[PDB]
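One structure is given below, encoded as C-alpha cells.
Backbone-built Cβ (ideal geometry, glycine too); neighbour counts: all protein chains shown. What follows is calculated from the coordinates using simple rules that are stated; it is not laboratory data.
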Amino acid sequence: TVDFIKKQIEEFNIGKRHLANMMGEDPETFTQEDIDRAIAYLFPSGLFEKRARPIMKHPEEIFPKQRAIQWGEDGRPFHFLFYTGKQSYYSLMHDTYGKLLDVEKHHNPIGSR
Amino acid sequence: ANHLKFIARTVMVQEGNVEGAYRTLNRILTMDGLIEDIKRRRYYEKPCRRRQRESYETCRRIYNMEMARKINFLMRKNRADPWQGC
Ligand SMILES: [Mg+2]
Ligand SMILES: [Mg+2]
C-alpha cells in the first residue's frame, strides 16, 4: 500500500500546483486554509454531513496509518514480542515496567489528563 | 415436672435491660437446637421424610465446611498483588 502513498503524495503536489495556477495564487504560500476555500468555491456541495463534502487533502490525513512490514524477507520477524499478536501494546508494557524497575533500584490538577 | 423449677433455661436480666436478656435466652435455645426442634415438632414428620432431611442437612454441612476452609485458606492471597501489569 506504500506505493499508493508515494504516488498519491506526488499527484497531490502536482494537483496542488494545478490548483494554485487556476485559482491564481502563489503556489508557495498556498495553505490547507486556502485549499478549503478553493474546493468549496469550485464544487459547492450543500450537504449536512461534512465528510461527504469534496476533499483534496494530503493522503496521510485521508488514509489510515498502516502496520509496517513485520518480518524480513527470510520470514524472520523484527520485534521479539511479535508472537504476542500485540507487539505494539506489550512493548509499551515492557518499557513501562522496565522504567519502573530501574526507578526501584535507583531510588534505593493543571487540566492534565 | 419432677425437677426443681426455675433452674432450667433461666436467664436473669442484668441492669434491668429486658430485651438484651431475652436475646440471650434465645441464643441459648437456638445454640442447643431447641428452636429448630419446637418448630420441627409443631406437626409430625414421617421417618423417611426425616432421613431425607438428615442427609440433606449433613451433605450441606459437609459442603459448607469444606468451602469455608478453602475460602479461609486462600484468604492470604487476597492481599494486593505484587506483579501487576508485568
Ligand atoms: Mg404440672
Ligand atoms: Mg441435628
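Which residues, counting only those in the range B:33-69, are part of a helix (DSSP H, G or I) and small (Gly, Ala, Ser)?
Within the range B:33-69, B:55, B:68 meet the criteria.
The conditions of being exposed (fewer than 10 other Cβ atoms within 10 Å of the Cβ), within 17 Å of the chain's Cα centre (by Cα) and of a type outside the set (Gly, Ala, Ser) are not met by residue B:65.
Answer yes or no: is there a residue in the range B:72-80 that is away from every other protein chain (no Cβ under 14 Å), within 16 Å of ligand 2 (Cβ to nearest atom) and either over 30 Å from residue A:89 (Cα atoms) or hydrophobic (A, V, I, L, M, F, W, C) (or both). No, that holds for no residue. Scanning the range B:1-32 for residues that are within 21 Å of residue B:57 (Cβ to Cβ) and either loosely packed, with under 10 Cβ neighbours inside 10 Å or over 20 Å from the mean Cα position of the chain (by Cα) (or both) yields one hit, B:31.
The set of residues in the range B:38-71 that are of a type in the set (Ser, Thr, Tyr) and within 13 Å of ligand 2 (Cβ to nearest atom) comprises B:55, B:56, B:58.
Would the range B:14-32 turn up any residue that is within 14 Å of ligand 2 (Cβ to nearest atom), of a type in the set (D, E, K, R), assigned to a helix (DSSP H, G or I) and away from chain A (no Cβ under 14 Å)?
Taking every residue of the range B:14-32 in turn, at least one turns out to be within 14 Å of ligand 2 (Cβ to nearest atom), of a type in the set (D, E, K, R), assigned to a helix (DSSP H, G or I) and away from chain A (no Cβ under 14 Å).
What do you reckon, is residue B:35 within 16 Å of ligand 2 (Cβ to nearest atom) and surrounded by 11 or more Cβ atoms within 10 Å (Cβ to Cβ)? Full working, then the answer.
Numbers: within 16 Å of ligand 2 (Cβ to nearest atom): yes; surrounded by 11 or more Cβ atoms within 10 Å (Cβ to Cβ): yes.
Yes, satisfied.
Residue count for the range A:68-112 under the criterion of being more than 19 Å from residue B:83 (Cβ to Cβ), part of a helix (DSSP H, G or I) and within 22 Å of the chain's Cα centre (by Cα): the result is 2.
The selection criterion, being out of contact with any helix residue (DSSP H, G or I) (no Cβ under 8 Å at 6 or more places or on another chain), within 14 Å of another protein chain (Cβ to nearest Cβ), farther than 23 Å from residue A:5 by Cβ and exposed (fewer than 12 other Cβ atoms within 10 Å of the Cβ), holds for residue A:101. Candidates A:40, A:68: the one that is small (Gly, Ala, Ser), surrounded by 10 or more Cβ atoms within 10 Å (Cβ to Cβ) and more than 14 Å from every other protein chain (Cβ to nearest Cβ) is A:40. The condition of being of a type in the set (S, T, N, Q) and not in a loop (DSSP other than H, G, I, E, B) holds for only one of B:72, B:2, that being B:72.
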